[PDB]
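For reference, the structure discussed in these notes is given below.
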There are 4 protein chains.
Amino acid sequence: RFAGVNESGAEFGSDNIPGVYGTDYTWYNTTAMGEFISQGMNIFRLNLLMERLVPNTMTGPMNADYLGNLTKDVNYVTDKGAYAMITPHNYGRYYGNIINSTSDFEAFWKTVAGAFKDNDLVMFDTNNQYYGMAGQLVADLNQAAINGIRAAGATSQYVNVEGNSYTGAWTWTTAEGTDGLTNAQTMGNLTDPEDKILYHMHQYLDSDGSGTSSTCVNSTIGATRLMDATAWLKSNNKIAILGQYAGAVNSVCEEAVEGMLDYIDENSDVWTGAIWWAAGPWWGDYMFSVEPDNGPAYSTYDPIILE
Amino acid sequence: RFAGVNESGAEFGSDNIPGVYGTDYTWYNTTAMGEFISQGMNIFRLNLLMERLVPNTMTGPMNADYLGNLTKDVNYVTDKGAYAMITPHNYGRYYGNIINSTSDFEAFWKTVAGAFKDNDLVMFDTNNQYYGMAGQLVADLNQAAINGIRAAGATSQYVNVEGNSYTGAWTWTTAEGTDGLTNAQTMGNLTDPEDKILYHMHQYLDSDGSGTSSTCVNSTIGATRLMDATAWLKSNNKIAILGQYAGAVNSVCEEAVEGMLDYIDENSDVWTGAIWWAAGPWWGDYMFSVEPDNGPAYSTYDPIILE
Amino acid sequence: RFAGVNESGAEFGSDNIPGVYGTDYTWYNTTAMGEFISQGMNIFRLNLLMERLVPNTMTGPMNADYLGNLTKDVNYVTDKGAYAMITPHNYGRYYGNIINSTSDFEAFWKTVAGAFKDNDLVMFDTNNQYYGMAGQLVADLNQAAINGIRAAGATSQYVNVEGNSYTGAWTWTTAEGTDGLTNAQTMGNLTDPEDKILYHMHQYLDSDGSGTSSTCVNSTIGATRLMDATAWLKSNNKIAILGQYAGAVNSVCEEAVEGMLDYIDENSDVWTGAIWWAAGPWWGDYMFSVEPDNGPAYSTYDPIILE
Amino acid sequence: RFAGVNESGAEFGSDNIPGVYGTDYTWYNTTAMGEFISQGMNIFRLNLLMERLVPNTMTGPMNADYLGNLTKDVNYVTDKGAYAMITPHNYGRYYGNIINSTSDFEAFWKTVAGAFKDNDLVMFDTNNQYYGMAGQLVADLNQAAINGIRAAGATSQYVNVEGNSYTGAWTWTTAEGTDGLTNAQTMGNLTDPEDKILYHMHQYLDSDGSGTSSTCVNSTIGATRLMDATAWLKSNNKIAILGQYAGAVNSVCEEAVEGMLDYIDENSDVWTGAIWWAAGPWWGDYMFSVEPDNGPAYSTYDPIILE
Ligand SMILES: OC[C@H]1O[C@@H](O[C@H]2[C@H](O)[C@@H](O)[C@H](O[C@H]3[C@H](O)[C@@H](O)[C@H](O[C@H]4[C@H](O)[C@@H](O)[C@H](O)O[C@@H]4CO)O[C@@H]3CO)O[C@@H]2CO)[C@H](O)[C@@H](O)[C@@H]1O
Ligand SMILES: OC[C@H]1O[C@@H](O[C@H]2[C@H](O)[C@@H](O)[C@H](O[C@H]3[C@H](O)[C@@H](O)[C@H](O[C@H]4[C@H](O)[C@@H](O)[C@H](O)O[C@@H]4CO)O[C@@H]3CO)O[C@@H]2CO)[C@H](O)[C@@H](O)[C@@H]1O
Ligand SMILES: OC[C@H]1O[C@@H](O[C@H]2[C@H](O)[C@@H](O)[C@H](O[C@H]3[C@H](O)[C@@H](O)[C@H](O[C@H]4[C@H](O)[C@@H](O)[C@H](O)O[C@@H]4CO)O[C@@H]3CO)O[C@@H]2CO)[C@H](O)[C@@H](O)[C@@H]1O
Ligand SMILES: OC[C@H]1O[C@@H](O[C@H]2[C@H](O)[C@@H](O)[C@H](O[C@H]3[C@H](O)[C@@H](O)[C@H](O[C@H]4[C@H](O)[C@@H](O)[C@H](O)O[C@@H]4CO)O[C@@H]3CO)O[C@@H]2CO)[C@H](O)[C@@H](O)[C@@H]1O
Ligand SMILES: OC[C@H]1O[C@@H](O[C@H]2[C@H](O)[C@@H](O)[C@H](O[C@H]3[C@H](O)[C@@H](O)[C@H](O[C@H]4[C@H](O)[C@@H](O)[C@H](O)O[C@@H]4CO)O[C@@H]3CO)O[C@@H]2CO)[C@H](O)[C@@H](O)[C@@H]1O
Ligand SMILES: OC[C@H]1O[C@@H](O[C@H]2[C@H](O)[C@@H](O)[C@H](O[C@H]3[C@H](O)[C@@H](O)[C@H](O[C@H]4[C@H](O)[C@@H](O)[C@H](O)O[C@@H]4CO)O[C@@H]3CO)O[C@@H]2CO)[C@H](O)[C@@H](O)[C@@H]1O
Ligand SMILES: *[C@@H]1O[C@H](CO)[C@@H](O)[C@H](O)[C@H]1NC(C)=O
Ligand SMILES: *[C@@H]1O[C@H](CO)[C@@H](O)[C@H](O)[C@H]1NC(C)=O
Ligand SMILES: *[C@@H]1O[C@H](CO)[C@@H](O)[C@H](O)[C@H]1NC(C)=O
Ligand SMILES: *[C@@H]1O[C@H](CO)[C@@H](O)[C@H](O)[C@H]1NC(C)=O
Ligand SMILES: *[C@@H]1O[C@H](CO)[C@@H](O)[C@H](O)[C@H]1NC(C)=O
Ligand SMILES: *[C@@H]1O[C@H](CO)[C@@H](O)[C@H](O)[C@H]1NC(C)=O
Ligand SMILES: *[C@@H]1O[C@H](CO)[C@@H](O)[C@H](O)[C@H]1NC(C)=O
Ligand SMILES: *[C@@H]1O[C@H](CO)[C@@H](O)[C@H](O)[C@H]1NC(C)=O
Ligand SMILES: *[C@@H]1O[C@H](CO)[C@@H](O)[C@H](O)[C@H]1NC(C)=O
Ligand SMILES: *[C@@H]1O[C@H](CO)[C@@H](O)[C@H](O)[C@H]1NC(C)=O
Ligand SMILES: *[C@@H]1O[C@H](CO)[C@@H](O)[C@H](O)[C@H]1NC(C)=O
Ligand SMILES: *[C@@H]1O[C@H](CO)[C@@H](O)[C@H](O)[C@H]1NC(C)=O
Ligand SMILES: *[C@@H]1O[C@H](CO)[C@@H](O)[C@H](O)[C@H]1NC(C)=O
Ligand SMILES: *[C@@H]1O[C@H](CO)[C@@H](O)[C@H](O)[C@H]1NC(C)=O
Ligand SMILES: *[C@@H]1O[C@H](CO)[C@@H](O)[C@H](O)[C@H]1NC(C)=O
Ligand SMILES: *[C@@H]1O[C@H](CO)[C@@H](O)[C@H](O)[C@H]1NC(C)=O
Ligand SMILES: *[C@@H]1O[C@H](CO)[C@@H](O)[C@H](O)[C@H]1NC(C)=O
């Protein structure tokens, strides 16, 4: 049901907060996004920075200029019938410190979700790639995000919940948090009064699953890396989405990507779709970029994403 | 919609204030302007000096002789259906000092607009090429100019707003004022009770975009230099006009001018036209002069402007 | 709302079709209308002949020279913000024959309106002073004209609809067509998808209301002749304009004219204004000419029109 | 050389004849006129209505109360050495109807001039601003007034004679009466056995010379608008006074008024002075009121009148 791209740029220059628009970060190219929608993609994951959207304190007001831009780009996507996922690209951290106030995190999500409560083509993504924290805390932070989003009256939207350890699909049942707990051990019991939780997992294809290398391990590394997570999803009657994945321009990465997408299809009772990492107007010759006018990966993987 | 020429001559000799009409400065050749109007040009940017139009203090009265000459040239253009844009050619400075009193600047513009409030073919250009100031001040000055012009009851006219750093298109998003701010971040904020703001940018084709050299960088320098500004104008839902541009009599410059005007036409949702620099009766063999009886550039670029 | 003058002269020499410009007919003195607009008049009823605008057959093309002059005068007026009413001074006849083809009449008006569809200060005036026909036919012709005007895409302009029997206000409810039917019986049912129908009546002040004698019956003859139509307009929720009226230069006429305009003022809920008959450059010493440079009625009635 | 103001107020509320003193009209503030006199002004044009001084028929007796008040104000002015102009503010009409009986007009003026025959500081002003009449009849009425004034034995007073078309100076040789004759063609053969005829013209400075707009055409409009009349006065060996003129309180009007007053000085061989319109006690905020305590024009133009 979901096939699309990440939009990355509004979280750029994370070293400069708030940073300057047009120098440190940018918002997304709606012309490109419209082309993607015309070709048939129906989801765009819009990445942003917590500290730019709500400066200083998570319980604070929203910056008007940053929120309007977020809203402009969101409306463009949803006005044309595609889903817009709102993703604070913060790794579970605020101003560089692990978010450990669930009360504060809930307040932040009530604030944000309030701004989009009536848009049923919006999705909320609680935080991009929690890492290096207690497994229990990561679960509690997802739950606090759900609480805040629903408390704001946003009841039609799916909430993407992300695991610890960069929410990696291949390590769902193995990677351990600072408390010794895995994602499989802590993420299952999340509850939602609207029962629209989407488990949100990421999967890269190089040795360490980081996406640093342009070398994919082998032609089947993708599908085989989703198997453990797939079993867990079925076992616990959950559904999921692959929020980030990519491979470089070579024949082994291409096959591995095609195979992993084929697998999501054969297991589409638990997998709902996949979102490429990534699009955006400031990527230059980034090896994973599918931005249309200059993304080096566009010509190869645009057709594959369309299936 | 708009295609025409600058008229420059009444701002000449700006080291002599008030100077002597006929010796330091002159007004414009209406016979040549009528010829241009017959060929089909429909805008004339009439340059002048703030200090000659309102001497001593910019809250003061208008010099009758200078204002009378200005009105005569304006009425000649507008009686024949072409636009006449009134351009204080002052770089954001009055008697050589940066204009830092937005109150005073609003009063100047209420004074001037008052003299043309019922001519709906008049354009108001807040000031030619602000440079070397704060970006916020330049924006605030443009705003104070809009406020003054409307307060005078001049409600039908477009107000041309010019940015800092010589309002260059190619640097709209990168060049910084004395406060590190760029035109992009500061100039969007402007509002107009009559929603008739026209962003007014200039584009030269030599290496430093100063128009000093007869050599244009290459055959595609114009179009490629309008791209950044064009993105900004679409993203921010604004419209603009290229108020100054030129190239010299050689094949590379000529091809460069053609390419940038073709680009303007392709992107005519945001670009409304372009005004050549320049015409006028005292240019002699100035490389960029398209004055009909005299201008080395007339035979080459007059046809190109007409399209 | 509307206060102005007829312009008469392009329909002169009705006995010579096509006739010769400058011999049989003329167009209007823009300098004269410019003065009227300075004074505050905001409507000019521009009279012409259908046969000179659309020669030979009502379905045909327009005559370019006659159309060119009409658009010149129209544009001069509307460019200064006044309304220009376009009026075929044809009495319901075409080449002297009563117009029976509602199909051709609609085609004629679609052609004419097309040339002015985007000028939202034009008004269309279906035909001057129908007379000697069936009441129902006059209504049908007015409806056909409305249909054609709207079908040409002229949706912003008022359509002035004129009744039978010289569209006299004083006989609106009494004078019968050749079918025994009055204007009040037949003109109520006119429809317009833009809801911009302006009922267009005329009122002279001599015994037989023909406006051919300089004697006005008495000092209140004007307002009293309007009361029957005023009641019909209120009872039928229509609005109207007095497209022609005149008194001669004498005290009883002057008083009678003021009293009627005063009446129109007090009944402005249904009377939108009044248009004097007439201005124009070829009237000489016509009893009713308010042409400034030589109209005998100017000094008396110019101030009265302005209120 | 005469320099002073109009007194206007006893002619107010001209729609109520006789009207009620203190409700419809008033007489003048002698204390304010004494002030004007001590500053050096030496002429006061006292406006009234024929019908309130001589009711019912022009051959009738005077109204004691209205005459008594006129006599009070006249005597206050002349007892301090200043001239008092007696001016019926009637536009050549009696009870609203144009005066056709030169016999009655002469009788009216004989009656009025008798009440003042020995006061050699009074002037008589045959009627204010004839308009819309035959030029020959306006001349005949001025002669009849002269004839009646002298027949009364009032042989020392100047008789101010006013032309047709609002006795406008700028139209003296161009505006035609209903008989096709101008003031220049008809006003030149008036005779006086005492040879004290003063030609009495009016000049406002707005576009249509109506004196009803606060905008003056330009800084020289007053002087240029008097030159046709000056050449006529010089060539026909007549002398004149400008019995009404005014500008609003704005820089253009101020210069126009000043320049016209210098023109009169430079042409004092034919122009004897100028009377401002206007002073008086019920003007309130009238744009031309030079009434001391109340008049918005007093501060600016009081000094200008005094020279
Ligand atoms: O491009 C015109 C614009 O550029 C501005 O400078 C840009 C640099 O051109 C650009 O290289 C840089 O982009 C960085 C970005 O800052 C990082 O935040 C981002 O980090 C990526 C990371 O590299 C990926 O591996 C990971 O997967 O994702 C994160 C993002 O979530 O990497 C990119 C690309 O290397 O950003 C600069 C601005 O911050 C100029 O300043 C401006 O003037 C120009 O107009
Ligand atoms: O996914 C995109 C995300 O990646 C981040 O990079 C992460 C990888 O996501 C993550 O998988 C990787 O995990 C490493 C881990 O750090 C090592 O400690 C562990 O080492 C294993 C070893 O492989 C075993 O052989 C040995 O027996 O045990 C040790 C552990 O005891 O290996 C895993 C992967 O195999 O770490 C990466 C970062 O270091 C990026 O940083 C981020 O930017 C991307 O968005
Ligand atoms: O022409 C007869 C007239 O000449 C007067 O002297 C003239 C010079 O002849 C004329 O060259 C000179 O023109 C200068 C002008 O002073 C500068 O202000 C102007 O600056 C230009 C600049 O050169 C351009 O590169 C830039 O794009 O624009 C600015 C203007 O905005 O440059 C011109 C040409 O170099 O002006 C003199 C008067 O000021 C005589 O005095 C007189 O007697 C003669 O009748
Ligand atoms: O446009 C008509 C107007 O031009 C004026 O001439 C201006 C140019 O318009 C302006 O673009 C140019 O700007 C220079 C700037 O001063 C330099 O500091 C800068 O140098 C860059 C360098 O290129 C980079 O490599 C490095 O990073 O440092 C700096 C960036 O910080 O380069 C630009 C060149 O584009 O300056 C000209 C002179 O002021 C005319 O003066 C005026 O008369 C014309 O009307
Ligand atoms: O002779 C000079 C000039 O005249 C042109 O024709 C003029 C007529 O001179 C002028 O009287 C006439 O004014 C008409 C107007 O056209 C009608 O719209 C209006 O209709 C009358 C109708 O004529 C009467 O018979 C009838 O009873 O009623 C209506 C009004 O209720 O009446 C006015 C006058 O009252 O306009 C003509 C031009 O349109 C000649 O064409 C030209 O050649 C001559 O040089
Ligand atoms: O003040 C107390 C008094 O007021 C009476 O009401 C007065 C109004 O106060 C007064 O403003 C109004 O004045 C009119 C006057 O009626 C008109 O006749 C006169 O016409 C002017 C015209 O405005 C000029 O444009 C033209 O040039 O000249 C003529 C004059 O010749 O205009 C003035 C102002 O518009 O008159 C009212 C009375 O008639 C009260 O009724 C009374 O009770 C109060 O005590
Ligand atoms: C925006 O996307 C369109 C469509 O791919 C592309 O043509 C255009 O160049 C992009 N704009 C920028 C500024 O990158
Ligand atoms: C986007 O951000 C810029 C800079 O902060 C701001 O000026 C602009 O108004 C924003 N856009 C919207 C739609 O708010
Ligand atoms: C969370 O971080 C706080 C700092 O805000 C610190 O006291 C401690 O590490 C944690 N406290 C709680 C209550 O979780
Ligand atoms: C691909 O690599 C993974 C991880 O090393 C391994 O489990 C899998 O068997 C490999 N597949 C093939 C076909 O070599
Ligand atoms: C004015 O322009 C005309 C037409 O281009 C030209 O012939 C004439 O020489 C010019 N006059 C001057 C003084 O430059
Ligand atoms: C233009 O200025 C000159 C120099 O003072 C002056 O003589 C001339 O009158 C002015 N022209 C107009 C139309 O005012
Ligand atoms: C404007 O500039 C002058 C110096 O150039 C400075 O003294 C003054 O305080 C400034 N005004 C403001 C409001 O900053
Ligand atoms: C921005 O614009 C608003 C309204 O146009 C104005 O009140 C404000 O002072 C401006 N300032 C900045 C920094 O944008
Ligand atoms: C022209 O020069 C500019 C600046 O050096 C460059 O960006 C552009 O690519 C050049 N165009 C061509 C066709 O080489
Ligand atoms: C045109 O109108 C002007 C303004 O009233 C007038 O002065 C002029 O005489 C008219 N021209 C003709 C040819 O009637
Ligand atoms: C007006 O009509 C005359 C006669 O045909 C023609 O010469 C002239 O070009 C016309 N004017 C316009 C503006 O079409
Ligand atoms: C129009 O009216 C009737 C149709 O009912 C017909 O007899 C008459 O001849 C027609 N006349 C013209 C001029 O069309
Ligand atoms: C004016 O004349 C009309 C028609 O004869 C008449 O109905 C009306 O009563 C007259 N008015 C007066 C006041 O006699
Ligand atoms: C009469 O004039 C005097 C002197 O200007 C002034 O003080 C007083 O208010 C005036 N009275 C009236 C009723 O206008
Ligand atoms: C002025 O008129 C009033 C009202 O009729 C009257 O009472 C008063 O006596 C008159 N004044 C003089 C001096 O006659
Ligand atoms: C006299 O007044 C009558 C109105 O009763 C008018 O018709 C006439 O024109 C006037 N005088 C002359 C000489 O015509
Ligand atoms: C002032 O206006 C008059 C009338 O339009 C005109 O004749 C005269 O030339 C104008 N004066 C100036 C200096 O423009």
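Quick note on naming: the chains in the structure tokens go A, B, ... in the order shown, residues restart at 1 in each chain, and ligands are numbered from 1 in order of appearance.
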- Enumerate, as a VMD selection string, the complete set of residues in region 38-257 of chain A that a backbone-based DSSP assignment places in strand (DSSP E). chain A and resid 43 to 48 83 to 88 93 to 94 97 to 98 122 to 125 159 to 162 197 to 204 240 to 246
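With a cut-off of 8 Å and using only C-alpha atoms and all ligand atoms, the polymer residues contacting ligand 21 are residues 20, 21, 22, 27, 64, 65, 66, 67, 68, 69, 70, 71 and 72 of chain D.
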With N, CA, C and O atoms kept, could you save the residues just selected as a PDB file, in the first residue's frame?
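Okay, selection.pdb is ready:
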```pdb
ATOM      1  N   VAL D  20     -36.075  81.866   7.635  1.00  0.00           N
ATOM      2  CA  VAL D  20     -36.080  82.457   8.969  1.00  0.00           C
ATOM      3  C   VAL D  20     -34.663  82.871   9.337  1.00  0.00           C
ATOM      4  O   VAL D  20     -33.751  82.038   9.330  1.00  0.00           O
ATOM      5  N   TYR D  21     -34.487  84.145   9.683  1.00  0.00           N
ATOM      6  CA  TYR D  21     -33.216  84.611  10.221  1.00  0.00           C
ATOM      7  C   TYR D  21     -32.818  83.794  11.445  1.00  0.00           C
ATOM      8  O   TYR D  21     -33.634  83.543  12.339  1.00  0.00           O
ATOM      9  N   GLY D  22     -31.540  83.401  11.496  1.00  0.00           N
ATOM     10  CA  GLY D  22     -31.021  82.601  12.581  1.00  0.00           C
ATOM     11  C   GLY D  22     -31.219  81.113  12.404  1.00  0.00           C
ATOM     12  O   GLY D  22     -30.561  80.324  13.091  1.00  0.00           O
ATOM     13  N   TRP D  27     -26.691  87.278   9.266  1.00  0.00           N
ATOM     14  CA  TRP D  27     -25.890  88.416   8.843  1.00  0.00           C
ATOM     15  C   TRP D  27     -24.489  88.280   9.447  1.00  0.00           C
ATOM     16  O   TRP D  27     -24.155  87.255  10.048  1.00  0.00           O
ATOM     17  N   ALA D  64     -38.319  95.431   5.685  1.00  0.00           N
ATOM     18  CA  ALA D  64     -37.653  96.310   6.634  1.00  0.00           C
ATOM     19  C   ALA D  64     -36.556  95.580   7.401  1.00  0.00           C
ATOM     20  O   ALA D  64     -35.460  96.121   7.590  1.00  0.00           O
ATOM     21  N   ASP D  65     -36.834  94.354   7.862  1.00  0.00           N
ATOM     22  CA  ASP D  65     -35.894  93.651   8.735  1.00  0.00           C
ATOM     23  C   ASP D  65     -34.628  93.252   7.992  1.00  0.00           C
ATOM     24  O   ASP D  65     -33.526  93.344   8.540  1.00  0.00           O
ATOM     25  N   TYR D  66     -34.776  92.766   6.762  1.00  0.00           N
ATOM     26  CA  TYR D  66     -33.621  92.366   5.970  1.00  0.00           C
ATOM     27  C   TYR D  66     -32.827  93.584   5.523  1.00  0.00           C
ATOM     28  O   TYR D  66     -31.594  93.607   5.625  1.00  0.00           O
ATOM     29  N   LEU D  67     -33.525  94.613   5.045  1.00  0.00           N
ATOM     30  CA  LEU D  67     -32.876  95.880   4.730  1.00  0.00           C
ATOM     31  C   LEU D  67     -32.181  96.478   5.955  1.00  0.00           C
ATOM     32  O   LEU D  67     -31.060  96.995   5.848  1.00  0.00           O
ATOM     33  N   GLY D  68     -32.846  96.462   7.114  1.00  0.00           N
ATOM     34  CA  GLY D  68     -32.225  97.000   8.322  1.00  0.00           C
ATOM     35  C   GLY D  68     -30.901  96.328   8.654  1.00  0.00           C
ATOM     36  O   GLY D  68     -29.939  96.990   9.055  1.00  0.00           O
ATOM     37  N   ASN D  69     -30.837  95.000   8.495  1.00  0.00           N
ATOM     38  CA  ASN D  69     -29.602  94.268   8.775  1.00  0.00           C
ATOM     39  C   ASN D  69     -28.529  94.564   7.735  1.00  0.00           C
ATOM     40  O   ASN D  69     -27.359  94.763   8.088  1.00  0.00           O
ATOM     41  N   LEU D  70     -28.896  94.566   6.447  1.00  0.00           N
ATOM     42  CA  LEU D  70     -27.941  94.958   5.410  1.00  0.00           C
ATOM     43  C   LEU D  70     -27.360  96.336   5.707  1.00  0.00           C
ATOM     44  O   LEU D  70     -26.141  96.542   5.661  1.00  0.00           O
ATOM     45  N   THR D  71     -28.232  97.284   6.054  1.00  0.00           N
ATOM     46  CA  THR D  71     -27.802  98.651   6.316  1.00  0.00           C
ATOM     47  C   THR D  71     -26.845  98.705   7.497  1.00  0.00           C
ATOM     48  O   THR D  71     -25.896  99.496   7.495  1.00  0.00           O
ATOM     49  N   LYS D  72     -27.090  97.882   8.520  1.00  0.00           N
ATOM     50  CA  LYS D  72     -26.192  97.796   9.670  1.00  0.00           C
ATOM     51  C   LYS D  72     -24.782  97.403   9.243  1.00  0.00           C
ATOM     52  O   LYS D  72     -23.802  98.089   9.558  1.00  0.00           O
TER      53      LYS D  72
END
```
- Item | Distance query residue 48 (chain B) at most 7 Å, only C-alpha atoms, self and fewer than 6 positions along chain excluded, as a PyMOL selection string | chain B and resi 10-11+87-89
Those residues with N, CA, C and O atoms, as an mmCIF file, in the first residue's frame please?
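Saved result, result31.cif, follows:
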```
data_model
loop_
_atom_site.group_PDB
_atom_site.id
_atom_site.type_symbol
_atom_site.label_atom_id
_atom_site.label_comp_id
_atom_site.auth_asym_id
_atom_site.auth_seq_id
_atom_site.Cartn_x
_atom_site.Cartn_y
_atom_site.Cartn_z
ATOM 1 N N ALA B 10 19.360 61.667 -15.824
ATOM 2 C CA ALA B 10 18.956 62.626 -14.809
ATOM 3 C C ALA B 10 19.621 62.377 -13.464
ATOM 4 O O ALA B 10 19.541 63.242 -12.582
ATOM 5 N N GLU B 11 20.229 61.209 -13.272
ATOM 6 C CA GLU B 11 21.029 60.915 -12.095
ATOM 7 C C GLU B 11 22.516 61.138 -12.341
ATOM 8 O O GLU B 11 23.321 60.939 -11.424
ATOM 9 N N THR B 87 12.492 55.704 -10.299
ATOM 10 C CA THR B 87 13.595 55.002 -9.643
ATOM 11 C C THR B 87 14.578 56.017 -9.069
ATOM 12 O O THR B 87 15.392 56.598 -9.813
ATOM 13 N N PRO B 88 14.518 56.283 -7.757
ATOM 14 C CA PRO B 88 15.614 57.006 -7.099
ATOM 15 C C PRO B 88 16.904 56.189 -7.135
ATOM 16 O O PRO B 88 17.001 55.114 -6.526
ATOM 17 N N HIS B 89 17.889 56.683 -7.892
ATOM 18 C CA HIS B 89 19.109 55.934 -8.205
ATOM 19 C C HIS B 89 20.164 56.207 -7.126
ATOM 20 O O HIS B 89 21.186 56.854 -7.358
#
```
- Query: When distances are computed from only C-alpha atoms, which of B:121, B:227, B:246, B:134 shows the smallest separation from chain C?
  - Reply: B:121
- Item | Nearest candidate to residue 244 (chain A) (options A:225, A:1, A:196, A:202; using only C-alpha atoms) |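 Smallest distance to residue 244 (chain A) is found for A:202.
Excluding residue 16 (chain A) and any residue on its chain fewer than 3 positions from it, the residues at most 12 Å away by only C-alpha atoms are residues 10, 11, 12, 13, 19, 20, 21, 23, 24, 25, 49, 51, 52 and 95 of chain A.
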Save the residues we just selected, N, CA and C atoms, as a JSON list (two decimals), in the first residue's frame?
```json
[["chain", "number", "residue", "atom", "x", "y", "z"],
["A", 10, "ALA", "N", 15.67, 19.46, 5.68],
["A", 10, "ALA", "CA", 15.24, 20.34, 6.76],
["A", 10, "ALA", "C", 15.92, 20.01, 8.08],
["A", 11, "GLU", "N", 16.59, 18.87, 8.17],
["A", 11, "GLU", "CA", 17.37, 18.48, 9.33],
["A", 11, "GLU", "C", 18.87, 18.64, 9.09],
["A", 12, "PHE", "N", 19.26, 19.22, 7.96],
["A", 12, "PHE", "CA", 20.66, 19.41, 7.63],
["A", 12, "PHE", "C", 21.31, 20.44, 8.55],
["A", 13, "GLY", "N", 22.64, 20.44, 8.57],
["A", 13, "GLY", "CA", 23.36, 21.39, 9.40],
["A", 13, "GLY", "C", 22.92, 21.34, 10.85],
["A", 19, "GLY", "N", 19.97, 27.53, 13.21],
["A", 19, "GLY", "CA", 20.45, 27.53, 11.85],
["A", 19, "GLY", "C", 19.68, 28.48, 10.96],
["A", 20, "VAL", "N", 20.23, 28.77, 9.78],
["A", 20, "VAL", "CA", 19.64, 29.70, 8.83],
["A", 20, "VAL", "C", 19.02, 28.91, 7.67],
["A", 21, "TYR", "N", 17.78, 29.25, 7.33],
["A", 21, "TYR", "CA", 17.13, 28.67, 6.17],
["A", 21, "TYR", "C", 17.81, 29.15, 4.90],
["A", 23, "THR", "N", 20.83, 28.37, 4.16],
["A", 23, "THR", "CA", 22.26, 28.14, 4.36],
["A", 23, "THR", "C", 22.54, 26.83, 5.08],
["A", 24, "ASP", "N", 21.90, 26.59, 6.22],
["A", 24, "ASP", "CA", 22.14, 25.37, 6.97],
["A", 24, "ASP", "C", 21.18, 24.26, 6.59],
["A", 25, "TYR", "N", 19.92, 24.59, 6.32],
["A", 25, "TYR", "CA", 18.95, 23.59, 5.94],
["A", 25, "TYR", "C", 18.04, 24.17, 4.88],
["A", 49, "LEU", "N", 14.01, 18.82, 12.30],
["A", 49, "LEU", "CA", 14.70, 18.87, 13.59],
["A", 49, "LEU", "C", 13.78, 19.37, 14.70],
["A", 51, "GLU", "N", 14.45, 20.77, 17.49],
["A", 51, "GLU", "CA", 14.89, 22.04, 18.07],
["A", 51, "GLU", "C", 14.55, 23.22, 17.17],
["A", 52, "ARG", "N", 14.38, 22.99, 15.86],
["A", 52, "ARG", "CA", 13.91, 24.03, 14.96],
["A", 52, "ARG", "C", 12.39, 24.19, 15.00],
["A", 95, "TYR", "N", 18.71, 18.66, 21.86],
["A", 95, "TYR", "CA", 19.90, 19.44, 22.14],
["A", 95, "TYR", "C", 21.07, 18.53, 22.53]]
```
Could you list, as a short mmCIF file (atom, residue, chain, number, x, y, z; two decimals) with N, CA and C atoms, in the first residue's frame, all the residues within 7 Å of ligand 19, counting only C-alpha atoms and all ligand atoms?
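Everything below was put into result-v1.cif:
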```
data_model
loop_
_atom_site.label_atom_id
_atom_site.label_comp_id
_atom_site.auth_asym_id
_atom_site.auth_seq_id
_atom_site.Cartn_x
_atom_site.Cartn_y
_atom_site.Cartn_z
N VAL C 217 -43.34 70.43 -19.78
CA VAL C 217 -44.74 70.61 -19.39
C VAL C 217 -44.85 71.47 -18.13
N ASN C 218 -44.18 71.07 -17.06
CA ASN C 218 -44.21 71.86 -15.83
C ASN C 218 -43.03 71.47 -14.95
N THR C 220 -42.54 69.89 -12.28
CA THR C 220 -42.41 68.59 -11.63
C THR C 220 -42.69 67.44 -12.59
N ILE C 221 -42.76 67.72 -13.89
CA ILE C 221 -43.16 66.70 -14.87
C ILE C 221 -42.20 65.52 -14.86
#
```
